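Student: need a structure here:
(chains A, B, C, D, E, F and G, ligands or ions: 7)
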Amino acid sequence: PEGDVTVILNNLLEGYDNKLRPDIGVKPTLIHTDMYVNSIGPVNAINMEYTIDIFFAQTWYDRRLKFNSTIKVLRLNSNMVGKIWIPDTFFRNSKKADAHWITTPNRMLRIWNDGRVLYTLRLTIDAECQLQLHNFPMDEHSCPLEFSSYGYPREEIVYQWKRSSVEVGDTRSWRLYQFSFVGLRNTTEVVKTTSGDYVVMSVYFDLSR
Amino acid sequence: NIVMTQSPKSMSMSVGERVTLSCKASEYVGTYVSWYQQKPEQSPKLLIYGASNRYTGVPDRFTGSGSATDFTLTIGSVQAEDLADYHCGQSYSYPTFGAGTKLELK
Amino acid sequence: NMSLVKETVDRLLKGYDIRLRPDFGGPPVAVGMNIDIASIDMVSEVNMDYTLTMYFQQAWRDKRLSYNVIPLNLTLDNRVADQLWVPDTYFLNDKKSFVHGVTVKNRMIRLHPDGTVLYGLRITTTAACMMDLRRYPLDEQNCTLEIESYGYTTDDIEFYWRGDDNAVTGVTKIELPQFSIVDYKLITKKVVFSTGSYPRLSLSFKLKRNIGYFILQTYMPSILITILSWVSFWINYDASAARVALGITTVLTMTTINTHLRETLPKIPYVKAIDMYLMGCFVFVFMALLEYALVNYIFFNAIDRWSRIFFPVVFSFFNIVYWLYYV
Amino acid sequence: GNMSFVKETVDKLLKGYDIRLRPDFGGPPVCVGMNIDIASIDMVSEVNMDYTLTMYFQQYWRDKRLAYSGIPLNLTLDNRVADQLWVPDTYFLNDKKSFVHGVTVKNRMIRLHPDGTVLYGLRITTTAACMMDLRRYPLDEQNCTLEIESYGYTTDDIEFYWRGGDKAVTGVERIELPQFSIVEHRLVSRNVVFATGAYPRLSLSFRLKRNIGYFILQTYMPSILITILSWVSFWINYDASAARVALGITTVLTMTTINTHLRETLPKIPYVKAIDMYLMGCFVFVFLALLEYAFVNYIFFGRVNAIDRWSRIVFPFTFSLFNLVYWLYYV
Amino acid sequence: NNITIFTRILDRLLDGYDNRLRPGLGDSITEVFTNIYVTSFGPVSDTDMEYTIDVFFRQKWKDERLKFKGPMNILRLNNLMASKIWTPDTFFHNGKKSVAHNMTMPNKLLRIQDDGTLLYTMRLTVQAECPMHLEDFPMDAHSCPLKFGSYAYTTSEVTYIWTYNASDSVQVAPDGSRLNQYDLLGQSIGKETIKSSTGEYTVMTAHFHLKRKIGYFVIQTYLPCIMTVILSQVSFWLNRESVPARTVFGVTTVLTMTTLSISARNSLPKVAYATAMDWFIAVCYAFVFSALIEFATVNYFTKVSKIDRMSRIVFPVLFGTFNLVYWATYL
Amino acid sequence: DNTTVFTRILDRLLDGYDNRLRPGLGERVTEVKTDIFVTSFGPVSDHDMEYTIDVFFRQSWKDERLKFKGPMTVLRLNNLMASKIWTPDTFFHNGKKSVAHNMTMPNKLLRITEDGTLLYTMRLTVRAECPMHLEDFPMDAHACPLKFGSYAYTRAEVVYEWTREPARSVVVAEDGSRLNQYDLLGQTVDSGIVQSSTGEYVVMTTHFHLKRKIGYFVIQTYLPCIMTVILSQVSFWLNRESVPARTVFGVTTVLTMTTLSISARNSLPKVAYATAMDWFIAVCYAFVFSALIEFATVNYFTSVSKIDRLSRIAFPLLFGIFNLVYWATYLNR
Amino acid sequence: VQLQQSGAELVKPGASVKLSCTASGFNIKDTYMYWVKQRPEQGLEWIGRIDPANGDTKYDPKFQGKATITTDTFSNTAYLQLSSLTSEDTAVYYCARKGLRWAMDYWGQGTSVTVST
Ligand SMILES: *[C@@H]1O[C@H](CO)[C@@H](O[C@@H]2O[C@H](CO)[C@@H](O[C@@H]3O[C@H](CO[C@H]4O[C@H](CO)[C@@H](O)[C@H](O[C@H]5O[C@H](CO)[C@@H](O)[C@H](O)[C@@H]5O)[C@@H]4O)[C@@H](O)[C@H](O[C@H]4O[C@H](CO)[C@@H](O)[C@H](O)[C@@H]4O)[C@@H]3O)[C@H](O)[C@H]2NC(C)=O)[C@H](O)[C@H]1NC(C)=O
Ligand SMILES: CCCCCCCC(=O)OC[C@H](COP(=O)(O)O[C@@H]1[C@H](O)[C@H](O)[C@@H](OP(=O)(O)O)[C@H](OP(=O)(O)O)[C@H]1O)OC(=O)CCCCCCC
Ligand SMILES: CCCCCCCC(=O)OC[C@H](COP(=O)(O)O[C@@H]1[C@H](O)[C@H](O)[C@@H](OP(=O)(O)O)[C@H](OP(=O)(O)O)[C@H]1O)OC(=O)CCCCCCC
Ligand SMILES: *[C@@H]1O[C@H](CO)[C@@H](O[C@@H]2O[C@H](CO)[C@@H](O[C@@H]3O[C@H](CO)[C@@H](O)[C@H](O)[C@@H]3O)[C@H](O)[C@H]2NC(C)=O)[C@H](O)[C@H]1NC(C)=O
Ligand SMILES: *[C@@H]1O[C@H](CO)[C@@H](O[C@@H]2O[C@H](CO)[C@@H](O[C@@H]3O[C@H](CO)[C@@H](O)[C@H](O)[C@@H]3O)[C@H](O)[C@H]2NC(C)=O)[C@H](O)[C@H]1NC(C)=O
Ligand SMILES: *[C@@H]1O[C@H](CO)[C@@H](O[C@@H]2O[C@H](CO)[C@@H](O)[C@H](O)[C@H]2NC(C)=O)[C@H](O)[C@H]1NC(C)=O
Ligand SMILES: *[C@@H]1O[C@H](CO)[C@@H](O)[C@H](O)[C@H]1NC(C)=O
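Tutor: Residues are numbered from 1 along each chain as shown, chains lettered A, B, ... in the order given. Ligands and ions are numbered 1, 2, ... in the order given. Next up is the structure itself:
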């Protein structure tokens, strides 16, 4: 550890309130989002659901985690995630989802010297996909995946895509039996609910039987 | 037991062209196939640890390709300091070696 | 600038007692409900329940959480719920329910400068709903979700829908594959147990079953097999192998259809409205096979020509009686 | 007065208690006695090859750090002090999915004896994996084990023994499985050797013969009548061609739809079972009956009473010969 | 102001409090007063020998350490104070999987009184066992029990007591009844002592009396079996010389009785005995099977059979006398 | 006071210990030496492209902050010490839902050797993902993989290695053979580098070679389809005048051919391409139609017929020629 | 880093020989010790391996009963032991250690045995 990395982390966590987002009353927190799909699982036609396995990666800026040292990147394990602020990204059309936990909870936390924080975790989402049964079984679908922050409205957290919003894997060992992966399209919108205006990021997956 | 065959036994080429070594195992060795050179009346050293993974200090002209059975060592340009026979080993089991492949310069 | 916000939150939680409700020993707190339906998934008749995914949201006023320097609607993290007082609201007919926890626990706390807290959850619940299947599949159900406080009586907490009829939204966009939401009502009442009187809010949906799936999968084959039983009258009496093979097939197909329909239903002891049709069609099918046994007993054309006119009259009269009592 | 005297003693037992160290850490191994009170085997399935067992798993060791001399009675503490005491890391090797019951509290017992004896018990519902040999299904018997082993402590650190000898396991003489019946139970103490050392192991094994009276009412009696039903065709005259073929075919089709319906609730084992030997045996007898009529219909109409009389005698005699061989070899 | 008064009261009570000791551990015996409010009696699953019950389980005991002197009389507190004090470890002896609900907060209740009385009340979903004997199936009338008691504390430490009279202590909600096959007749409670391996335990019990409604099994099992027997008796009224027509009667009624025999023994436990349902289909099959043997004797004696004319009288009144005996023995 | 010696050692090791940092953070690479003991290879679910496996996932690395001098060399410590020290975040690349067992205590151990060498084994069940190629069903072989590696540490931070020789680094227990349909032949291991956007990670790959046993599908599909074709071909041995009798052979054989066609196609997943069992069924589905249109030929032309006298010999012959060439091209691959 | 072996020796056939390989710059308890037979104008031939943590030793099947290795942690040296050597075993003996991917990265200078008169 050399001692200098230990005193860097002790200085970053003293006087730190993880209940407050960075720039609480100054400017909205800009969060860049990345995704790498491992394998799209079975598309359950009887339940109108599909399973997706992703490497969900988020990037933002925290001014309280700035340090001046010769060490540029603090590449840490999952035990720092619960100590610092993490955005409350929830998937709006997810029926059931869970992260993976053994041998250690699959999380990554890298902090740069200018305050840039990269947070990555492995997730498995049983999302909700609409399926038209007209012209079945000669049909095309657009299975979506919508996520947003649960608590923070548009004036608190603004999401944004990265250089490669969605990267697909081999697409040859995937579990698309009847359907085939045609393409993807990232998009964004602002939804208006009873608790405020929320920025929603959406990924559509084109599936053709 | 695992046997390694290096083909051919010897070759004679000049300075600055392409040579392709060959090493084929009896059964599956995954990646742990090591390439060793032997300068005459000195000690062996390491060229490629694993398959297609260059060691520290050896030049970039040495390269290899890995598979399940067949393994090749390739030098893009033979130089004047490569006066050594090359031994192909394995490490997926208890280690065994081939007979080596000598070379000479004009 | 941020340290003013940080020390205001630290001033609030210092000296806070989670074990005591706001205005403890005095007036009760008023808690407003703002349920927002996202989906209704599986109205299963076998287990007599429905799966509901909502955006359950509460709003009360706590005078200890009152800040005055910062003119902002503070939104804290979802992990401050372990240090703040929240109501103990439960659902009475809950079979099994969970709060979604990806990527963090789906939970929102928004502190307002007058002390208002706007606690809210994303809850997927499986509410039990007792079903009356005596008019199946032309039936019309009524599934209720009943929100109640557990530990706090009427003189410690009181519930109300916030916004009256606009408290529950998103129910018009709910699409069910075999039902259709007609009406929804919001009722504020008080139930009395042996430990006291507790406030209760009930959100309930009116469901109408779509006939169109059940009219082509069950009803249309069931009336078709009776028409195949009517072809045996046009066959001559001496062709004994043709009329028996037609008459056995129409009995056994109606026999198997009755056993191919009730395995996806609960084992109810009463007679549903689709079972009275299948038993009634079984009578008309069996009376056609009994008609030939009368014909064979007489000989070994006046009886056979009478059954070609009587059967289209009474069976069509049977469908007039059937599709006027259940609809 | 007396409760405050217990309060200061229980505090004294837990000041400086190192939970990371087993009793007699630098010395001899600790002895952990065991006994099991089996409540009931919830279910036994051949598809998933497992059985669900509910037990009262109790352990019995002696910790010298938890000795007290003031209280003259056994202290039964609340079940949450078991997270502040050393307990052995006993695991079940053939476990698949197990849980301690948590209604109304976590169902575990703790009891400190005045000689330091720690009586720790749990109410465990476990789903142990039991590999089954279905070569004689449904006249088979099975041997289902529950392999109890310590994980982290070797035989130089811990010792296992059944407490009470052969009276350690109680309650197996009262359980009522619907399909099987418990013949015998045995208790084995072993010392297995792994790559990281030698670990003690206790094994509880059951012998489960199958009550077949369900299978006569379900499979064997329906199968042993399409064989009687196929012999009605010998009484039917030869010129009634549509009667004898339809009697022959619907006996063949009933034989093969019994076989497909029976083998849909069993795992895809590659060997042949005893019930498949009977059903393929009955299929041959039905297929030979339809080949008997086709041999009759080829001799008369393609080129009779002697063949029809002989097959009416040999076929009920030969099928009873098959039933005598089958029911004396598998029983 | 007023909140800081009750903060000092709750801090004084918990100061010097040990939750590892029952009240009156070395001085007396803890008495737990118990009620049950069955909100909805869930469906009795016949195949697994179990039932579901949702309760409002109330426990009430006296703790001398929790006596305050303030401006209140009861302290209707939340769920956090329930884990900081002593609560009895009540578990269900015949439960299999019980869920203590915690949406959106833990569904527990706590009401400390002025004299030291506590009222702890949870919401449970006990999936308790029920021993079934389906020898009068489906006219059986079970009495599914619910046994609960302490886990670690014996009868010299904790004794359970029903609060009110033994009649009105387990109360069932009027609207709540999820029973569809059965219907609730009444409840009877008791109090017995079970001497287990670790000592005697005061075990509270409550039996719910049930009775099966026959009307489901009439429509799907009894009436199809009766009607195919009447369908099989049509063959006596046909011509003798009509060979393939009466054969179609023979081979389809036998096939559909075997198909009904497989389908009736579905979603039922694999019992080792013969139920009264199986004593009906076997007799109804014997009426169908002897009718085809009757036709085989008709076709063997061809060239109106007098055995045909007697079978139009003997066979319908033999089935009628059997239905008189069977529906008077079991009804 | 005899256990106060070991109490003072463990309080000294964790004093100043930072468990959020890998050992040798600024000096070297944390080599983690691993091996797997498979207690039982669980059943392969071919419907979900997955297999279960129960492992004793052993790992071993070196930490120079955990050096101690005491009366004993090795410290067979309790399980809760492992959460107070640095442990590698080894995850499975193709895992789907894998459970670390918790009954009764957590099933992990931790042994600390006096020079700082650590051993940390876990008992897991892994529901890994096995992508299989079902063209040769049921006479097919599969190599179900199990890929594991670090999550947050690149190949310049944590590298993996096998403890013993790679031939002797994955051991399968003899009693653990929970496969009922397949047949485990052997295991082969490998190591390599994967490329991600965050960096380059060391992946550790092992393959479990399985061969499917066809003894179930012979007595379920292959023998009832063979007996149906013979049941269709006995219809040529009847007479021309038995028009209702021969159409019972014609209709019921092709009606039971199309039920097996379905009753058999539900075993394997919704596959786009056609398996090798579907080639046997479809040819057998052609022989029953070839028998049915043979009867319609002789019924239209209705002495004995030359059609039935030729189809009594050719139909058992051309079915035997296909049956000889189908198995020989598939059992010997 | 630096691997050292002792100098060459002359031995009679049928006698016993002792040969050492001293390691410097790294301890032996974590990395394996590999010893290999190099005949003149011929390829290499591994003879045995050493796990000094537990003293485990596994030999080549050809050289079973021919070679023996003891290893001293304090002396930082491993020892050969050839009991029944003949005149055919005239070769040079090399020292090696386990490398990054089970390779042999560091090698000793090699000691040649000579069995003659
Ligand atoms: C009602 O009661 C239930 C208990 O039946 C409560 O469930 C408990 O929730 C807490 C809060 O999240 C859990 O603690 C965390 O657990 C994770 C590991 O969870 C994994 O294992 C679970 C047990 O097998 C499994 O059920 C999980 O799967 C889903 O379940 C939960 C509950 O819905 C859901 O939140 C998950 O996301 C999954 O969808 C999952 O596979 C553990 O890793 C956490 O540790 C982190 O945090 C701690 C500090 O918080 C930190 O110290 C660690 O280093 C690490 O960073 C954390 O402990 C708890 O495990 C759940 N218990 C059970 C039995 O599941 C539920 O919350 C209650 N509802 C209320 C009060 O409203
Ligand atoms: C379940 C039934 C099992 C029956 C088992 C077998 C029972 C058994 O052996 O019956 C024999 C006989 C059959 O009578 P059935 O009418 O079927 O047969 C007649 C009989 O063969 C006469 O002898 C013939 O007269 P003949 O030779 O030409 O002069 C006559 O020829 P024809 O008239 O066509 O010219 C035949 O039809 O029945 C009885 O005697 C009454 C029994 C009442 C039994 C009542 C029912 C139990
Ligand atoms: C799947 C096959 C589809 C075949 C489709 C094509 C079928 C096709 O073309 O059939 C015609 C003929 C039918 O012969 P088959 O013997 O079946 O019919 C005879 C034929 O009709 C004679 O003409 C009749 O004599 P007649 O003159 O009326 O007095 C005779 O009656 P009788 O003598 O009893 O009084 C009939 O029995 O068959 C061939 O020539 C062999 C073709 C072999 C084809 C190759 C076979 C492998
Ligand atoms: C589904 O079933 C529930 C259960 O009965 C029905 O709820 C009932 O609704 C009526 C109409 O609102 C209630 O009557 C009203 O009661 C209030 C009590 O404060 C009274 O002030 C009004 O004047 C009126 O009488 C009735 O109380 C209520 N019953 C219960 C038990 O809550 C519901 O209408 C059914 N249908 C739908 C579509 O939900
Ligand atoms: C179920 O199968 C297991 C084996 O798969 C049976 O366990 C075996 O039981 C016998 C009888 O006790 C053991 O034999 C004994 O071994 C000791 C070893 O020292 C010996 O001293 C005794 O004289 C006796 O021979 C045997 O070791 C044991 N095998 C094991 C545990 O692998 C078990 O009995 C079967 N179940 C039933 C109900 O029989
Ligand atoms: C903070 O939140 C409160 C909600 O409790 C906002 O107050 C009301 O917000 C609604 C919706 O925007 C308006 O229609 C009302 O006029 C608001 N006032 C009242 C008295 O109801 C409040 O505006 C928010 N503060 C902000 C966004 O700065
Ligand atoms: C989607 O991603 C591409 C490149 O990855 C980018 O050019 C495009 O702007 C994105 N679409 C958005 C942000 O709507």
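Student: going by C-alpha atoms from here, please, whenever you check contacts or count neighbours.
Tutor: OK.
Student: show me the contacts for residue 33.
Tutor: Answering for chain A, as no chain was given. By CA atoms under 8 Å, 6 or more residues apart in numbering or on different chains, the contact list for residue A:33 reads A:56, A:57, A:58, A:59, A:159, A:160, A:161, A:162, A:165.
Student: the intended chain is chain G.
Tutor: Residue G:33 neighbours (CA under 8 Å, 6+ apart): G:49, G:50, G:51, G:95, G:96, G:97, G:98.
Student: widest-spaced pair of those residues?
Tutor: Longest distance between any two of the contacts of residue G:33 is 14.5 Å, between G:51 and G:95; criterion CA to CA.
Student: between these two, point out the one with more neighbours.
Tutor: A count of neighbours by other CA atoms under 10 Å in any protein chain shown puts residue G:95 above the other of residue G:51 and residue G:95, at 25 against 18.
Student: right, is the helix or strand harbouring that one up against chain F?
Tutor: Assigned by DSSP states H and E, residue G:95 belongs to strand G:92-97. No - contact of strand G:92-97 with chain F (CA under 8 Å from any CA of the partner chain) is absent, the minimum separation being 13.9 Å.
Student: same thing with stretch A:100-111?
Tutor: Yes - Stretch A:100-111 reaches chain F (CA under 8 Å from any CA) through A:100, A:102, A:103, A:104, A:105, A:106, A:107, A:108, A:109.
Student: for the third one, give me its contacts.
Tutor: For residue A:103, the contacting residues are F:89, F:90, F:91, F:100, taking CA under 8 Å, 6+ apart as the criterion.
Student: gap between it and residue D:92?
Tutor: Distance of residue A:103 to residue D:92, given as CA to CA, to the nearest Å: 20 Å.
Student: so which residues make contact with the longest strand along chain G?
Tutor: Longest strand in chain G, counting residues (DSSP state E): strand G:44-51. Contacts to strand G:44-51, defined as CA under 8 Å, 6+ apart, come from residues B:87, B:95-99, G:29, G:31-38, G:56-60, G:63, G:67, G:69.
Student: nearest to ligand 2: which residue in chain G?
Tutor: Closest residue of chain G to ligand 2, CA to the nearest ligand atom: residue G:61 (83.4 Å).
Student: quick check: the residue of chain E nearest ligand 5.
Tutor: Taking CA to the nearest ligand atom, ligand 5 has its nearest neighbour within chain E at residue E:272, 21.9 Å off.
Student: Three-state assignment for that residue, please.
Tutor: Secondary structure for residue E:272, judged by DSSP: H, G, I helix; E, B strand; the rest coil, is coil.
Student: list the contacts for the residue in the stretch 1-150 of chain C positioned nearest to chain F?
Tutor: Going by CA to the nearest CA, chain F is nearest to residue C:102 of the stretch 1-150 of chain C, at 15.6 Å. If you count contacts by CA under 8 Å, 6+ apart, residue C:102 has them with A:89, A:90, A:91, A:97, A:98, A:99.
Student: residue G:112 too?
Tutor: Residue G:112 makes contacts with G:7, G:8, G:9, G:90, G:91, G:92, G:93, as judged by CA under 8 Å, 6+ apart.
Student: from memory residue E:88 sits against residue E:150, does it?
Tutor: Yes - look at residue E:88 against residue E:150 with CA atoms under 8 Å: they come within range, at 7.2 Å.
Student: just the buried ones from the contacts of residue C:102, in ChimeraX syntax?
Tutor: The ChimeraX selection below is limited to those of the contacts of residue C:102 classed as buried (16 or more other CA atoms under 10 Å in any protein chain shown):
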select /A:89,90,91,97,99
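Student: near chain C, from the contacts of residue C:102?
Tutor: A:89, A:90, A:91, A:97, A:98, A:99.
Student: could these go into JSON lines alongside distance to ligand 2 and secondary structure?
Tutor: Below are those laid out as JSON lines (distance: CA to the nearest ligand atom, whole Å; DSSP: H, G, I helix; E, B strand; the rest coil):
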{"residue": "A:89", "distance to ligand 2": "79", "secondary structure": "strand"}
{"residue": "A:90", "distance to ligand 2": "75", "secondary structure": "strand"}
{"residue": "A:91", "distance to ligand 2": "73", "secondary structure": "strand"}
{"residue": "A:97", "distance to ligand 2": "67", "secondary structure": "strand"}
{"residue": "A:98", "distance to ligand 2": "68", "secondary structure": "strand"}
{"residue": "A:99", "distance to ligand 2": "71", "secondary structure": "strand"}
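Student: residue B:81: which of the residues you listed is nearest?
Tutor: For the ones next to chain C among the contacts of residue C:102, the nearest to residue B:81 is residue A:99 (55.3 Å; CA to CA).
Student: I'd say residue A:199 and residue A:151 touch.
Tutor: No - in this structure, residue A:199 is not within contact of residue A:151 by CA under 8 Å, at 11.1 Å.
Student: buried ones in stretch E:187-205, by neighbour count?
Tutor: Those buried within stretch E:187-205 under the rule 16+ other CA under 10 Å are E:187, E:188, E:189, E:191, E:201, E:202, E:203, E:204, E:205.
Student: farthest-separated two in these?
Tutor: Between any two of the buried residues of stretch E:187-205, the greatest separation by CA to CA is 22.8 Å, found for E:187 and E:201.
Student: A helix includes residue C:292, no?
Tutor: Yes - counting by three-state DSSP, one finds residue C:292 located in a helix.
Student: surely residue B:103 is within a strand?
Tutor: Yes - assessed with three-state DSSP, residue B:103 lies in a strand.
Student: got a list of what it touches?
Tutor: B:10, B:11, B:12, B:13, B:83, B:84, B:85.
Student: and the residues you listed as TSV, adding secondary structure, neighbour count and distance to ligand 3?
Tutor: As requested, the contacts of residue B:103 are exported to TSV (DSSP: H, G, I helix; E, B strand; the rest coil; neighbours: other CA atoms under 10 Å in any protein chain shown; distance: CA to the nearest ligand atom, whole Å):
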residue	secondary structure	neighbour count	distance to ligand 3
B:10	strand	12	67
B:11	strand	12	67
B:12	strand	9	70
B:13	coil	13	70
B:83	coil	16	77
B:84	coil	17	75
B:85	strand	20	72
